[PDB]
């Protein structure tokens, strides 16, 4: 099929585009380059073994969206474009609501004008909010997200939901995930944070590489097996796969299809650090700090539904996530070239 991939040049999107091309689909990437570089493009092509069209632009530009949609006879849209730095979200709320909330609204509005009715949304497991019932299941009602980032994701979910109700021919997937990590096995694509990495893995990778001194472990007091925070980590390649399957299997199947994408088990901070020490061949330096603002002791996704309904499940291990990361970090220390 003909797919428009917003945010396609970013971390998850790039990986997804390669898998898409490999499946022989026609790929149109829409990205504003606010958090990615044109240099990834040729890598996508190479790895994908096919040429994806690239359009520089913003989801907030409804006019352009409609043009693109029409110009390329788009059948489906996988939407990864947006802002995702939780801490930044607290400091710059408006920017998050605009890019995420308004950004998606402008996009779906254009789809409406262009008669495109298949959509796959990059959601987030932060929508579950404060849930003492873990792991999280899709049948669980959502809660109230802690940050402007989380709130914007639920807001979008709600909007798409009402939309589908008003325009029942629409097929919409809400893909909820936690912590994506790893990189393409080639070691030639991966996560390329500009500045202080947000997530654990990359941060740790930076500590490993020499860039950082020590990892601060926020809380060693939790009601967990080792006292540190337990989270769900999913390999980026598996995530990308889940995206392709969802897109192929749900196209033209009316409704709001909610699926948690994850390994179905949790891992502590120490578990992640040990995995990494192992992958990079040297002890990762860390120290303990006291509980970070807004964090919970432990949570993960129940991914039975996707297994059952989409026949999808993870295949990569925590160790591979680490190795893959180390590999990319190692082959391309300066990330993507400017």
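Positions refer to the first chain, counted from 1.
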| request: Output the stretch having the higher mean C-alpha B factor in the entry; the candidates are 91 to 99 and 196 to 204. | output: 196 to 204
| message | Averaging CA B factors per stretch from the PDB record, which one is higher: 76 to 84 or 114 to 122? | response | 114 to 122
| query | Whose CA atom has the top B-factor in the entry, of 293, 31, 309, 62? | reply | 293
| task | Could you check 51, 313, 305, 287 and tell me which one carries the biggest Cα B-factor in the deposited entry? | result | 51
| message | Split into thirds by Cα B-factor across the chain's modelled residues, where does residue 134 land: lowest, middle or highest? | response | highest
| residue 7 CA temperature factor, ranked by third within the chain | lowest
| message | Splitting the chain's C-alpha B-factors into thirds, which one does residue 255 fall into? | response | middle
| query | What third of the chain, by the recorded C-alpha B-factor, contains residue 185? | reply | highest
| With respect to C-alpha B-factor, does residue 327 fall in the lowest, middle or highest third of the chain as deposited? | middle
